[PDB]
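**Student:** This is the structure alone, sequence omitted:
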RNA sequence: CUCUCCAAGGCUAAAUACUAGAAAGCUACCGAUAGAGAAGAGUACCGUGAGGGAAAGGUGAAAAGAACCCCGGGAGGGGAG
(Lines give C-alpha, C1' and ligand atoms only; values in the text may rest on other atoms or scores of the structure.)
Protein backbone atom coordinates (compact mmCIF):
# COMPACT_ATOMS: atom_id res chain seq x y z
CA UNK A 1 0.00 0.00 0.00
CA UNK A 2 2.84 2.34 0.95
CA UNK A 3 4.26 4.85 -1.51
CA UNK A 4 7.60 4.33 0.18
CA UNK A 5 8.88 7.40 -1.68
CA UNK A 6 6.80 9.57 0.66
CA UNK A 7 7.39 8.07 4.09
CA UNK A 8 9.59 8.29 7.16
CA UNK A 9 10.50 5.61 9.65
CA UNK A 10 12.14 6.07 13.07
CA UNK A 11 13.36 2.89 14.70
CA UNK A 12 14.18 2.35 18.38
CA UNK A 13 13.10 5.65 19.70
CA UNK A 14 13.36 6.23 23.45
CA UNK A 15 9.73 6.07 24.51
CA UNK A 16 7.08 3.50 25.17
CA UNK A 17 4.48 2.82 22.47
CA UNK A 18 1.74 2.91 25.08
CA UNK A 19 2.74 6.53 25.70
CA UNK A 20 3.23 7.52 22.08
CA UNK A 21 0.02 6.12 20.57
CA UNK A 22 -2.43 8.76 21.92
CA UNK A 23 -0.39 11.59 20.43
CA UNK A 24 -0.48 9.74 17.13
CA UNK A 25 -4.27 9.47 17.37
CA UNK A 26 -4.55 13.23 17.78
CA UNK A 27 -2.79 13.94 14.46
CA UNK A 28 -3.81 11.02 12.26
CA UNK A 29 -5.52 12.38 9.18
CA UNK A 30 -4.97 16.05 10.05
CA UNK A 31 -3.32 18.55 7.77
CA UNK A 32 0.42 18.96 7.98
CA UNK A 33 0.25 22.47 9.41
CA UNK A 34 -2.23 21.48 12.09
CA UNK A 35 -0.24 18.38 13.02
CA UNK A 36 3.04 20.29 13.25
CA UNK A 37 1.39 22.90 15.45
CA UNK A 38 -0.08 20.22 17.71
CA UNK A 39 3.24 18.45 18.11
CA UNK A 40 5.13 21.67 18.80
CA UNK A 41 2.54 22.72 21.37
CA UNK A 42 2.03 19.52 23.30
CA UNK A 43 4.86 19.01 25.79
CA UNK A 44 5.20 15.23 25.56
CA UNK A 45 8.27 13.18 24.74
CA UNK A 46 6.21 11.25 22.22
CA UNK A 47 5.09 14.54 20.74
CA UNK A 48 8.68 15.59 20.08
CA UNK A 49 9.60 12.20 18.59
CA UNK A 50 6.60 12.28 16.27
CA UNK A 51 7.47 15.82 15.33
CA UNK A 52 10.88 14.73 14.09
CA UNK A 53 9.54 11.76 12.15
CA UNK A 54 6.66 13.73 10.58
CA UNK A 55 8.91 16.57 9.55
CA UNK A 56 11.29 14.09 7.95
CA UNK A 57 8.47 12.39 6.04
CA UNK A 58 7.24 15.71 4.69
CA UNK A 59 10.80 16.59 3.73
CA UNK A 60 11.17 13.36 1.76
CA UNK A 61 7.90 13.93 -0.06
CA UNK A 62 8.88 17.48 -0.96
CA UNK A 63 12.32 16.45 -2.14
CA UNK A 64 11.00 13.77 -4.45
CA UNK A 65 7.99 15.81 -5.64
CA UNK A 66 9.19 19.37 -6.13
CA UNK A 67 5.73 20.85 -6.74
CA UNK A 68 4.32 19.93 -3.32
CA UNK A 69 4.38 22.61 -0.63
CA UNK A 70 3.75 22.51 3.11
CA UNK A 71 0.04 23.25 2.72
CA UNK A 72 -1.05 20.49 0.28
CA UNK A 73 0.29 17.79 2.57
CA UNK A 74 -1.77 15.86 5.09
CA UNK A 75 -0.62 13.09 7.41
CA UNK A 76 -2.23 10.08 5.73
CA UNK A 77 -1.21 7.23 8.02
CA UNK A 78 0.66 6.91 11.31
CA UNK A 79 1.81 3.67 12.91
CA UNK A 80 3.60 3.16 16.20
CA UNK A 81 5.07 -0.24 16.90
CA UNK A 82 7.11 -1.58 19.76
CA UNK A 83 10.87 -2.05 19.66
CA UNK A 84 13.74 -3.58 21.59
CA UNK A 85 13.60 -3.87 25.37
CA UNK A 86 16.35 -3.58 27.94
CA UNK A 87 16.19 -5.04 31.41
CA UNK A 88 17.92 -3.47 34.40
CA UNK A 89 17.73 -4.35 38.05
CA UNK A 90 15.92 -2.42 40.79
CA UNK A 91 16.91 -3.76 44.22
CA UNK A 92 14.37 -3.83 47.03
CA UNK A 93 14.26 -4.82 50.67
CA UNK A 94 15.30 -8.18 52.13
CA UNK A 95 17.64 -8.90 49.24
CA UNK A 96 14.79 -9.08 46.74
CA UNK A 97 15.51 -7.81 43.26
CA UNK A 98 13.15 -6.81 40.48
CA UNK A 99 13.74 -6.47 36.76
CA UNK A 100 12.84 -3.09 35.32
CA UNK A 101 12.08 -3.14 31.61
CA UNK A 102 12.82 -0.18 29.33
CA UNK A 103 10.80 -0.10 26.11
CA UNK A 104 11.45 1.56 22.76
CA UNK A 105 9.13 2.23 19.84
CA UNK A 106 9.21 2.29 16.06
CA UNK A 107 7.34 5.10 14.35
CA UNK A 108 6.12 5.08 10.76
CA UNK A 109 4.52 8.13 9.16
CA UNK A 110 3.34 8.55 5.58
CA UNK A 111 2.14 11.85 4.21
CA UNK A 112 0.07 12.40 1.11
CA UNK A 113 -1.15 15.23 -1.05
CA UNK A 114 -4.39 16.61 0.33
CA UNK A 115 -7.79 15.78 -1.15
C1' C B 1 47.69 -97.34 57.42
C1' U B 2 48.66 -95.55 52.60
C1' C B 3 49.54 -91.99 48.79
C1' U B 4 51.92 -87.24 47.69
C1' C B 5 55.38 -83.19 48.94
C1' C B 6 60.34 -81.39 51.33
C1' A B 7 58.96 -75.12 54.58
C1' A B 8 61.03 -71.51 57.99
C1' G B 9 66.77 -67.70 51.54
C1' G B 10 66.15 -64.49 47.48
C1' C B 11 64.72 -63.12 41.79
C1' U B 12 61.79 -63.94 37.20
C1' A B 13 59.69 -61.77 30.98
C1' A B 14 55.13 -62.99 28.51
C1' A B 15 49.51 -63.79 28.73
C1' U B 16 46.58 -59.74 32.58
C1' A B 17 44.73 -54.14 34.73
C1' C B 18 44.75 -48.98 33.10
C1' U B 19 44.64 -44.09 28.95
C1' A B 20 45.12 -38.74 31.78
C1' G B 21 46.99 -38.39 26.78
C1' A B 22 50.03 -38.85 21.20
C1' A B 23 49.19 -40.31 16.04
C1' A B 24 46.34 -42.74 12.34
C1' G B 25 40.63 -44.16 11.66
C1' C B 26 35.41 -45.60 12.46
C1' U B 27 30.07 -44.72 14.05
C1' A B 28 21.59 -46.82 12.34
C1' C B 29 26.86 -41.14 17.93
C1' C B 30 25.61 -35.16 18.84
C1' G B 31 24.42 -30.43 15.46
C1' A B 32 23.96 -24.83 19.61
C1' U B 33 17.89 -25.80 25.74
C1' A B 34 21.94 -30.95 21.87
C1' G B 35 27.08 -32.22 22.25
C1' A B 36 32.72 -31.88 27.45
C1' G B 37 30.71 -27.23 32.36
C1' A B 38 33.10 -24.74 28.24
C1' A B 39 32.14 -24.19 19.31
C1' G B 40 34.02 -18.13 23.53
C1' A B 41 35.71 -20.85 30.01
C1' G B 42 35.89 -23.09 35.04
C1' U B 43 35.82 -17.16 32.36
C1' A B 44 31.74 -13.50 34.20
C1' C B 45 29.48 -13.82 38.85
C1' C B 46 28.39 -15.56 44.32
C1' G B 47 30.91 -16.75 49.23
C1' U B 48 35.96 -14.81 54.45
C1' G B 49 37.63 -19.41 52.68
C1' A B 50 37.03 -24.53 51.35
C1' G B 51 33.90 -24.26 47.17
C1' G B 52 29.90 -23.39 43.72
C1' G B 53 29.00 -21.87 38.72
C1' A B 54 26.39 -19.67 34.00
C1' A B 55 24.29 -17.37 29.32
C1' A B 56 25.97 -15.74 24.38
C1' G B 57 27.35 -20.15 17.05
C1' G B 58 25.22 -18.30 11.41
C1' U B 59 25.44 -11.18 6.49
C1' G B 60 26.95 -12.04 1.56
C1' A B 61 29.74 -16.35 -3.36
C1' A B 62 33.05 -12.31 -2.41
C1' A B 63 32.87 -5.97 2.44
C1' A B 64 32.55 -5.54 -2.98
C1' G B 65 30.87 -2.00 4.89
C1' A B 66 26.09 2.02 1.55
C1' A B 67 30.60 7.41 -2.80
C1' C B 68 27.44 11.39 -3.05
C1' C B 69 22.48 13.96 -1.82
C1' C B 70 18.01 15.16 1.50
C1' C B 71 15.59 15.31 6.86
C1' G B 72 17.99 15.21 11.76
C1' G B 73 22.66 17.66 17.01
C1' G B 74 23.18 12.60 16.29
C1' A B 75 20.98 8.04 15.90
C1' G B 76 18.03 6.64 12.16
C1' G B 77 15.29 6.93 7.70
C1' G B 78 14.27 8.39 2.68
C1' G B 79 17.26 8.55 -2.56
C1' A B 80 21.42 7.42 -5.45
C1' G B 81 25.12 2.98 -5.98
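**Tutor:** Looks like it arrived, so ask away. Residues are numbered from 1 along each chain as shown, chains lettered A, B, ... in the order given.

**Student:** Quick one: list the elements packing against the lengthiest helix in chain A.
**Tutor:** The single longest helix within chain A, with elements called by DSSP state H, is helix A:45-64. Judged by 3 or more Cβ pairs under 8 Å, 6 or more residues apart in numbering; DSSP states H and E, helix A:45-64 is in contact with strand A:7-13, helix A:17-27, helix A:32-41, strand A:73-91, strand A:97-113. For the C-beta atoms, the positions are set from N, CA and C on the backbone; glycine is no exception.

**Student:** and that helix, which residues are buried?
**Tutor:** Residues A:46-47, A:49-51, A:53-55, A:57-58, A:60-62 are the ones in helix A:45-64 that count as buried (16 or more other Cβ atoms under 10 Å).

**Student:** before we move on, the earlier item: right, so of the helices and strands packed on helix A:45-64, which gets closest to residue A:67?
**Tutor:** Checking those against residue A:67 by Cβ to Cβ gives strand A:97-113 as the closest, at 9.8 Å.

**Student:** Partner strands of the closest one, with direction?
**Tutor:** The pairing partners recorded for strand A:97-113 under DSSP bridges are strand A:7-13 (antiparallel), strand A:73-91 (antiparallel).

**Student:** what's the distance between the spatially most central residue of chain A and residue A:58?
**Tutor:** Nearest to the geometric centre of chain A sits residue A:50, at 3.4 Å (Cα atoms, centre = their mean). Distance of residue A:50 to residue A:58, given as Cβ to Cβ, to the nearest Å: 12 Å.

**Student:** thought the residue nearest to the centre of chain A was touching residue A:23?
**Tutor:** Yes: counting by Cβ atoms under 8 Å, residue A:50 does reach residue A:23; the two are 5.8 Å apart.

**Student:** Which neighbours do the two have in common?
**Tutor:** Contact criterion Cβ atoms under 8 Å, 6 or more residues apart in numbering; residues shared by residue A:50 and residue A:23: residue A:39.

**Student:** quick revisit: help me see whether the longest helix of chain A makes contact with RNA strand B, please.
**Tutor:** Yes: using Cβ under 7 Å from any atom of the strand, we find that helix A:45-64 touches RNA strand B at A:52, A:55-56, A:59-60, A:63-64.
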